[PDB]
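Take a look at the structure below.
Cβ atoms come from the backbone with ideal geometry, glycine included; neighbour counts cover every protein chain shown. We did not get these values from a lab; they are worked out from the coordinates using the rules stated.
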Amino acid sequence: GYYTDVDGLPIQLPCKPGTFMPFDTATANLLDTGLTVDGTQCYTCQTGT
Amino acid sequence: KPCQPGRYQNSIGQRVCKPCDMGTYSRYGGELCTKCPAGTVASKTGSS
């Protein structure tokens with residue numbers, strides 16, 4: 001649920017409403033095939049969610 | 001959105017603004033950090 005887009009951020013910023021940051025790609029319940037998570041990317045919610 | 005003062009972004013398509021180095025300052029937007037002129041001092045990184 002948190003991300004650090006740029007290096008040196010004092011604290012991990014929270015993902016804005018409408019987006020989410022899963023724990024890992026393997027445990028990401030609703031993520032497209034080509035998308036991977038590394039902690040610097042907030043992914044928008046799918047259609048219907 | 002323009003890079004708020006203290007930052008800069010000399011590229012196209014970047015989703016982040018890099019912070020200015022020590023001794024340089026930048027205002028709103030700005031494609032590159034401006035070297036601080038003679039007689040003036042920038043104390044910290046990302047000086048407005």
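Among the residues of segment A:1-15, those that are within 10 Å of the chain's Cα centre (by Cα) and in a loop (DSSP other than H, G, I, E, B) comprise A:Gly1, A:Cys15.
Per-residue answers, yes or no, for (1) touching a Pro at 6+ places or on another chain (Cβ under 6 Å); (2) not polar (S, T, N, Q):
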position	(1), (2)
B:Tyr8	no, yes
B:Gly30	no, yes
B:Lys35	no, yes
B:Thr40	no, no
B:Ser43	no, no
B:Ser48	yes, no
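State the number of residues belonging to segment B:20-48 that are of a type in the set (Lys, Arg) and either within 22 Å of A:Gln41 (Cβ to Cβ) or outside any loop (DSSP other than H, G, I, E, B) (or both).
Of the residues in segment B:20-48, the ones of a type in the set (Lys, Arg) are B:27, B:35, B:44.
Checking the rest, the ones that are also either within 22 Å of A:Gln41 (Cβ to Cβ) or outside any loop (DSSP other than H, G, I, E, B) (or both) come to B:35.
Here the count works out to 1.
Please determine, by comparing only the residues of segment A:10-38 that are surrounded by 11 or more Cβ atoms within 10 Å (Cβ to Cβ) and closer than 25 Å to B:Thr45 by Cα, which one is nearest to the other protein chains (Cβ to nearest Cβ). So, considering only residues that are surrounded by 11 or more Cβ atoms within 10 Å (Cβ to Cβ) and closer than 25 Å to B:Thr45 by Cα, the one nearest to the other protein chains (Cβ to nearest Cβ) is A:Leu13. The residue list B:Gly39, B:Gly6 contains one member that is more than 14 Å from every other protein chain (Cβ to nearest Cβ) and on the phi > 0 side of the Ramachandran plot, which is B:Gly39.
For B:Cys17, all conditions in the list (1) surrounded by 15 or more Cβ atoms within 10 Å (Cβ to Cβ); (2) more than 25 Å from A:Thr40 (Cβ to Cβ) hold save one; what is the number of the exception? It is condition (2) that B:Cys17 fails. In segment B:7-19, is there at least one residue being over 19 Å from A:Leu9 (Cα atoms), free of Cβ contacts under 8 Å to residues at least 60 places away in the same chain and either in contact with a helix residue (DSSP H, G or I) (Cβ under 6 Å, 6 or more places away or on another chain) or in a strand (DSSP E or B) (or both)? No, segment B:7-19 contains no residue that is over 19 Å from A:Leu9 (Cα atoms), free of Cβ contacts under 8 Å to residues at least 60 places away in the same chain and either in contact with a helix residue (DSSP H, G or I) (Cβ under 6 Å, 6 or more places away or on another chain) or in a strand (DSSP E or B) (or both).
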